[PDB]
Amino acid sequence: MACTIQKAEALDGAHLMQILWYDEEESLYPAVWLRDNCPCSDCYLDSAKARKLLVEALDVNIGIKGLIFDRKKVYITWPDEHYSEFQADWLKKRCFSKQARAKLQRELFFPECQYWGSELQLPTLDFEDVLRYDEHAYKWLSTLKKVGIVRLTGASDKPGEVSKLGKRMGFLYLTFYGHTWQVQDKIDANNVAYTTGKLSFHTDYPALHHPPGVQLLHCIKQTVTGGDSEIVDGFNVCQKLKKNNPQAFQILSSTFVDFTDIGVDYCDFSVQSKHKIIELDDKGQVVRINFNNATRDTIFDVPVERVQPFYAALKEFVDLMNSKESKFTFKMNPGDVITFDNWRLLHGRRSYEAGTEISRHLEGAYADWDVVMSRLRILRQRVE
């Protein structure tokens, strides 16, 4: 009844098609959009699922010349004698009502989000299960997207596990630190990560204009002397900051901060960026946190009078992150893997003791959110 056509007609000087469905609801489709999206082999390459029609071939003032229909299809003639057929279900799905458009966007982008503080129950799955079963890989990625983190247990205590998950997603994201990389204490460390020092809350790689969306960290070896992990939900903290201190929020979401990274690892590099620490979309929703205090530059491109207020804002923001209501602490063991949203979470670690042998070793990697979402879309379809 809902996707069965009861009536189709051209309206509004034939610039619009209206469908009355059998459930009595109505949908409207501009004529230019219909012509633009003609599925015939002239206009549309089915093997690629892509449009061949050029913008240059589209009359933006086009009207429908003729229309007939049955319960399942509309058949249209155009002023220049082009001919088009559209299927009822295809039409129904693309209805321009706010409700139909929003529903489809949810299905494409999995916007569901569950904010958390210290009460977090760390979502946890088995590693081999995730590699083997789509049902488990689906739960893995959907929870990663919704909650921002998933732990995987039962991996080995050897290099190569993040690489297997990378393949399960599709491919990992290559950076100047390599395809994968080793978090251990190193002589002449090119990065504070590669020391025994404390890492306060940070996102990885704000020195890139497109920081890694997803981070993977696998504990190969762990020390008893320290090295606990800490996470906080950045979207949650930002919401509390806007509430408690709209001025601090305003400064952090509007000020461009310079980040830097110079050194040699996979290649030799001299990397520079600018980002707003709290990054808002066009509707004012926080979509990314860009913040690592180690790689924030000495160069600070703001007028002198904006400097101290910036720091006072940043301090309020860091204090919220450290608050006992926001922060969640745990300690990784050999064979544990954490996979998390590096645009949303900030993470850190406690200091631990140097010695003459390596007491602590994680292997990490990155992946692009688009690569991950693509796998998520495919998995959902296979599972449903």
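Here the rigid core means the biggest group of C-alpha atoms that line up within 1.5 Å when the two forms are laid on top of each other. Throughout, we count residues from 1 along the sequence that is shown.
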{"property": "Stretch farther from the shown model on average in 9 other deposited structures of this protein, with CA RMS computed after core superposition (99 to 107, 265 to 273)", "result": "265 to 273"}
{"property": "Stretch with larger C-alpha RMS deviation in 9 other deposited structures of this protein, core superposed, 174 to 182 versus 233 to 241", "result": "174 to 182"}
{"property": "Selected stretch [higher average CA B-factor]: 325 to 333 or 342 to 350", "result": "325 to 333"}
{"property": "Mean C-alpha temperature factor, higher of 129 to 137 and 78 to 86", "result": "129 to 137"}
{"property": "Residue with highest C-alpha B-factor in the PDB entry, from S156, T203, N293, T175", "result": "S156"}
{"property": "Peak C-alpha temperature factor (PDB record), options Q215, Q182, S270, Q99", "result": "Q99"}
{"property": "Ranked against its chain, the third holding the CA B-factor of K276", "result": "lowest"}
{"property": "Third assignment of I68 from its chain's C-alpha B-factors", "result": "lowest"}
{"property": "Chain third (lowest, middle, highest) by recorded CA B-factor, residue given as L104", "result": "lowest"}
{"property": "Lowest, middle or highest third - CA B-factor, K243", "result": "highest"}
{"property": "Third assignment of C95 from its chain's C-alpha B-factors", "result": "middle"}
